[PDB]
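S.K.: PDB entry and its sequence, pasted below:
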Amino acid sequence: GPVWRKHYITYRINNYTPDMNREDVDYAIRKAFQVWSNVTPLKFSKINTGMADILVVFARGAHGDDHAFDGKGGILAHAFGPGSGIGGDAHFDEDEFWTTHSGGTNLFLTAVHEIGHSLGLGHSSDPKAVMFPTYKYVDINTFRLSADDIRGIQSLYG
Ligand SMILES: COc1ccc(S(=O)(=O)N[C@H](CO)C(=O)N=O)cc1
Ligand SMILES: [Ca+2]
Ligand SMILES: [Ca+2]
Ligand SMILES: [Ca+2]
Ligand SMILES: [Zn+2]
Ligand SMILES: [Zn+2]
């Protein structure tokens, strides 16, 4: 489907979850973008004002799209593929408890997956892939994309 047709991509953090330290949200999101810039020609920059390609939002329940959140558990996050407006945006359910670690729901791991969607990836049927639709914590310090994830993204970029 749709892909970004340019190499310099911007993101903006709309608002911050109270679940985490501000600096930890910034770093988790930055690291998640880095996972994908590692394996593509894309470059990501955080902007603090204006219209970004990818808007990162924390919200609960109904939040202005057709995809209301469902309280704690179930749907953790969702995102929209490349395009104008809502295209590229990544939304995280504030009814989850976001963390830097194995507790609650890990923001970095979830963001890697969601940014995958923001870049145009769909779901994998392979449980080993970060793009598998089910959340399962893995050690974030040693995290690596699966072969399936790399094949997927390199079918779109580079
Ligand atoms: C590892 O990243 C994620 C991100 C979200 C989810 S999820 O919310 O439980 N499942 C949703 C619904 O299909 C999903 O894939 N959202 O992008 C599961 C794992
Ligand atoms: Ca939820
Ligand atoms: Ca957008
Ligand atoms: Ca929360
Ligand atoms: Zn949404
Ligand atoms: Zn998904």
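M.R.: Done, it's in. Numbers count the residues shown, from 1 in each chain. Ligands and ions are numbered 1, 2, ... in the order given.
S.K.: Doesn't residue 44 belong to a strand?
M.R.: Yes: counting by DSSP: H, G, I helix; E, B strand; the rest coil, residue 44 is found in a strand.
S.K.: Check the gap between it and residue 96 for me.
M.R.: Residue 44 sits 24 Å away from residue 96, going by CB to CB, to the nearest Å. Backbone N, C-alpha and C define where each C-beta goes, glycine included.
S.K.: Which residue of these two possesses the greater neighbour count?
M.R.: Neighbour comparison, residue 44 and residue 96: the larger count goes to residue 96, with 24 against 18 (by other CB atoms under 10 Å).
S.K.: Let me see the contact set for that one.
M.R.: If you count contacts by CB atoms under 8 Å, 6 or more residues apart in numbering, residue 96 has them with 19, 72-73, 76, 104-105.
S.K.: Make CSV out of those residues and add neighbour count.
M.R.: Listed next are the contacts of residue 96 as CSV, based on neighbours: other CB atoms under 10 Å:
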residue, neighbour count
19, 18
72, 14
73, 11
76, 20
104, 15
105, 19
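S.K.: can those residues go into TSV with extra columns for secondary structure and distance to residue 52?
M.R.: Below are those laid out as TSV (DSSP: H, G, I helix; E, B strand; the rest coil; distance: CB to CB, whole Å):
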residue	secondary structure	distance to residue 52
19	coil	22
72	coil	28
73	coil	29
76	coil	22
104	coil	26
105	strand	24
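S.K.: would you turn those into TSV with distance to ligand 5?
M.R.: As requested, the contacts of residue 96 are exported to TSV (distance: CB to the ion, whole Å):
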residue	distance to ligand 5
19	18
72	16
73	17
76	12
104	20
105	16
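S.K.: Looking at these, which one is closest to ligand 4?
M.R.: Relative to ligand 4, the closest of the contacts of residue 96 is residue 19; by CB to the ion it sits at 4.3 Å.
S.K.: sorry, back to before: nearest to residue 92 among the contacts of residue 96?
M.R.: residue 76 (7.3 Å; CB to CB).
S.K.: The closest one against residue 110, yeah?
M.R.: Yes: taking CB atoms under 8 Å as the definition, residue 76 is a contact partner of residue 110 at 5.8 Å.
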